Ligand SMILES: Cc1cc2nc3c(=O)[nH]c(=O)nc-3n(C[C@H](O)[C@H](O)[C@H](O)COP(=O)(O)OP(=O)(O)OC[C@H]3O[C@@H](n4cnc5c(N)ncnc54)[C@H](O)[C@@H]3O)c2cc1C
Ligand SMILES: Cc1cc2nc3c(=O)[nH]c(=O)nc-3n(C[C@H](O)[C@H](O)[C@H](O)COP(=O)(O)OP(=O)(O)OC[C@H]3O[C@@H](n4cnc5c(N)ncnc54)[C@H](O)[C@@H]3O)c2cc1C
Ligand SMILES: COc1ccc2[nH]cc(CCNC(C)=O)c2c1
Ligand SMILES: COc1ccc2[nH]cc(CCNC(C)=O)c2c1
Ligand SMILES: [Zn+2]
Ligand SMILES: [Zn+2]
């Protein structure tokens, strides 16, 4: 309690394992007295494309469109599309942002990549200068709760997919830490489609249990060493 | 006889540096006598979201929607949406697929992430046991031509962003190699926005020149060692 959480959720099916992980997070954080908001991207038909429709005012350079430049100015002028502004309000108010999603091509599903691309604009999430430890979302926590098709064994240094931490780099470091977030350790629920009932129920309960003490956790040192080793 | 190339292009502005790199690739490959096709994703208003609209007719399990299962079965039953099958035909016929895009959050812009999520479905691009070296698109070459906002120095092992090979992992290994592609060395045009006209025309010319001998290149060894090792 005394804390606000935003869950950005990317799964098409409410009855899915991802849906269960999202719901147990809402249930537990709600039980604790926290304020909780969920952005259910597919239900919202969230727009993933970075286009000129994201700026409603006079463009700074109408001859040659540069998304980064135009959205940075639009942010400062308050002429960004309202769907972006609505997400920014949720992020600005949140103390913790949890991303719940199935891994798609070692990354986030495109609808969620679009949320990253359009919501975390210059001026709001970072500035130049004003990134990594000086990012604009400093003071906030972020956590990736991911599900995979591959087993934990396949996601090891000697497994076919390499260690799971490798694919986390662009997301935890390149995006979240870049914007100033401190990153909590990822929650990775491996191969639920293959797992049995005991195992699946076990994974949901492990997440619920972890959430009970989430406010006591320290963030990870989001560095190349943590991700790649040596 | 001859070679066929598909360029999957993701930039909103034809006058952009990315647009110029795409245009010189078309110009040079065409000059060589190659068959060239371009999927200009923003112009096509390409759908990035993975949804149940990607399957036509009736679902294999209309009670609990599973995107991966449904698209695998739709591929086998020739029931995928036409935008997806149109892209699959271009890929099936291509000997080389060049992805041209600006780096967005250490990855591809969401519209291109959506093309990978929706076009590279099970049965078409990979299956059990067709993945990595036995991926279904084996025999085809793939190449990432990326532009960045960050300078080359920032993308060094000890630079703030880490080595560029770190972010290439999910794309080169987790996506392209996984589907069986032999991956040519990436073309990285660092910070064209900061560079001078000469450094610019230079980066373009370097890409045009590389394309002159693209068919003589050998694929990189797509391994954890290549991306992280020393
Ligand atoms: C485009 C695409 C790209 C992909 N790329 C990758 C990749 O790069 N790497 C990778 O490893 N995988 C990849 N995958 C696989 C994907 O990550 C998995 O399919 C996904 O993570 C599984 O999560 P889910 O919620 O969809 O599972 P579900 O299909 O929902 O399976 C979970 C099972 O648990 C049951 N369940 C639900 N809730 C509960 C509950 N409360 N208690 C007990 N059981 C419950 C369900 O009914 C179901 O049978 C990809 C998939 C697609 C479609
Ligand atoms: C959502 C988002 C997220 C991002 N995340 C990242 C990230 O993770 N890491 C990162 O490093 N960067 C990131 N960026 C920055 C992005 O990668 C760069 O802005 C992009 O790569 C620059 O390419 P461009 O084609 O848009 O450049 P342009 O701005 O189009 O640059 C071309 C410039 O060169 C001039 N020019 C002169 N000669 C030529 C010629 N020969 N051909 C063409 N133009 C010429 C043009 O007139 C123009 O001014 C992000 C940007 C956005 C919007
Ligand atoms: C259903 O669609 C997809 C699409 C792209 C994918 N990449 C990887 C996997 C799962 C692979 N796990 C195992 C070992 O079975 C995958 C599934
Ligand atoms: C790493 O993440 C991002 C995200 C959005 C961005 N927009 C622009 C840049 C690059 C700016 N580089 C310099 C040299 O200052 C950028 C980087
Ligand atoms: Zn970091
Ligand atoms: Zn590889």
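If you go along the chain as it appears here, the first residue is 1 and each next one adds 1.
Recorded method is X-ray crystallography, 1.5 Å.
For all residues, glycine too, the Cβ spot is worked out from N, Cα and C.
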Would you mind telling me which one of A:30, A:79, A:145, A:164 Swiss-Prot calls phosphoserine? A:79
Which residue among A:16, A:82, A:196 does Swiss-Prot mark as phosphoserine? A:196
Around ligand 1, within a Cβ distance of under 6 Å, which of the recorded positions A:79, A:196, A:222 show up? none
Between the binding-site residues A:104, A:126, A:127, A:148, A:193, which lies closest to residue A:177 (Zn(2+) binding site), Cα to Cα? A:126
For chain B, give the subset of the binding-site residues A:18, A:148, A:150, A:173, A:177, A:222 whose C-beta is less than 8 angstroms from one of that chain's C-beta atoms, in sequence order, otherwise 'none'. A:173
Result for ligand 5 contact check over recorded positions A:127, A:173, A:177, A:196, A:222 with Cβ cutoff under 6 A is A:173, A:177, A:222
Quick check: which same-chain residues outside A:173, A:177, A:222 lie with their CB within 8 A of the centre of the Zn(2+) site CB atoms? A:132, A:169, A:172, A:174, A:176, A:178, A:183, A:223
In sequence order, which residues at least six apart in the same chain have a CB under 8 Å from the CB of residue A:193 (FAD binding site)? A:17, A:149
